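Asker: Chains as they are written, first to last, in the authors' numbering: chain 1h, 81 to 143; chain 1X, 1 to 171.
For reference, the structure I am asking about is given below.
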């Protein structure tokens, strides 16, 4: 086929590769930062729910 | 971490009741059914304030109100009261089932001279709507501020850009 076929086809590949390369480097920045400051959707290690706790009056006044 | 300021020795001189357990438990029901007004809001103070130091004002009133009840018996059938509470102690469990006859004698006396009726079974064990003047504490546990939760995840799902993006795998 015409050389313009390979010219445009390679350019599309280069654009796809660059975005894939750029996203990969950003993920290594997102995951590390999330693991540091913690305020992210993932890497939230489990805690104890604040719902399973008795708030009704006890048998000892102070508490 | 700070100051543990607590009330001085000045306010800790109340007219402490000098009675023993048997005489305390001999009346019990009548005292509970005649001095509930200072008992309920003081105990409510104990639960709501969650601190002994803030309920000293109600702490002295209940002791003081006990005296008015106690000396009221002295101006009345205290002799049957003495025979009663001097028969309760003899039992090691301080149980009423072995002193029914004196239970009557105390009851029949207090029924007409004063009018304090015998509290029926389960009457004392009752949650009450005690009126109070103090406002409820804003934070009984003195809790500090709360950490701001992480921002909520939202937004409609979008296909993963360029697929798996893991090494050479596509689609």
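Where a beta carbon is used, it is the ideal one built from N, C-alpha and C, also for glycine.
(1) Report the three-state DSSP secondary structure of residue 47 (chain 1X) (helix, strand or coil).
(2) Please give me, in chain order, every unbroken run of the beta strand (DSSP E) with length at least 3 that falls completely inside the region 40-96 of chain 1X.
(3) So is residue 126 (chain 1h) in contact with chain 1X if we call contact Cβ pairs under 8 Å?
(4) In chain 1h, which residues lie with their C-beta within 9 Å of the C-beta of residue 146 (chain 1X)?
(5) Given that a residue counts as buried once 16 or more other Cβ atoms are within 10 Å of its Cβ, and exposed if not, what is residue 59 (chain 1X)?
(6) How is residue 165 (chain 1X) classed by DSSP in three states: helix, strand or coil?
(7) For residue 102 (chain 1X) and residue 38 (chain 1X), I'd like the C-alpha separation in whole angstroms.
(8) Just the Cα atoms here: how many angstroms apart are residue 84 (chain 1X) and residue 133 (chain 1h)?
(9) Run the CB neighbour count on residue 23 (chain 1X), radius 10 Å, all protein chains shown included, and call it buried at 16 or more, exposed below.
(10) Closer than 8 Å, CB to CB, is residue 100 (chain 1h) near chain 1X or not?
(11) Write down the C-beta distance between residue 94 (chain 1X) and residue 25 (chain 1X) rounded to the nearest angstrom, noting that I regard them as a contact closer than 8 Å.
(12) If you count every other CB in all the chains shown that lies within 10 Å of the CB of residue 93 (chain 1h), and 16 or more means buried, which is it?
Answerer: Taking the definition as stated:
(1) Here residue 47 (chain 1X) refers to the residue found at position 47 when the second chain is read from its first residue. If DSSP states are grouped into helix, strand and coil, residue 47 (chain 1X) belongs with the helices.
(2) none
(3) Here residue 126 (chain 1h) refers to the residue found at position 46 when the first chain is read from its first residue. Using a Cβ-Cβ cut-off of 8 Å, residue 126 (chain 1h) does not count as an interface residue toward chain 1X, since no Cβ of chain 1X sits closer than that to its own.
(4) Indexing the second chain from 1 puts residue 146 (chain 1X) at position 146. Under the 9 Å cutoff, chain 1h gives no residues; its nearest Cβ is about 11 Å from residue 146 (chain 1X).
(5) Against the second chain, residue 59 (chain 1X) aligns to sequence position 59. With 16 or more Cβ atoms within 10 Å of its Cβ, residue 59 (chain 1X) is classed as buried.
(6) Counting from 1 along the second chain, the entry for residue 165 (chain 1X) is found at position 165. Residue state, collapsed to three classes: coil.
(7) Here residue 102 (chain 1X) is taken as the residue at index 102 of the second chain, counted from 1. Here residue 38 (chain 1X) is taken as the residue at index 38 of the second chain, counted from 1. Each residue's Cα considered, the two are about 28 Å apart.
(8) By 1-based counting over the second chain, the position of residue 84 (chain 1X) is 84. By 1-based counting over the first chain, the position of residue 133 (chain 1h) is 53. Answer to the nearest angstrom: the Cα atoms are 46 Å apart.
(9) Sequence index remark: in the second chain, residue 23 (chain 1X) carries index 23 (1-based). With 16 or more other Cβ atoms within 10 Å, it is buried.
(10) As a first step, residue 100 (chain 1h) must be located in the first chain, where it is residue number 20. Yes, contact with chain 1X.
(11) Reading the second chain from its first residue, position 94 is the one you call residue 94 (chain 1X). Reading the second chain from its first residue, position 25 is the one you call residue 25 (chain 1X). Rounded, the Cβ-Cβ distance is 6 Å, consistent with contact.
(12) Working through the first chain from its first residue, we reach residue 93 (chain 1h) at position 13. By the neighbour-count rule (16 or more Cβ atoms within 10 Å), residue 93 (chain 1h) is not buried but exposed.
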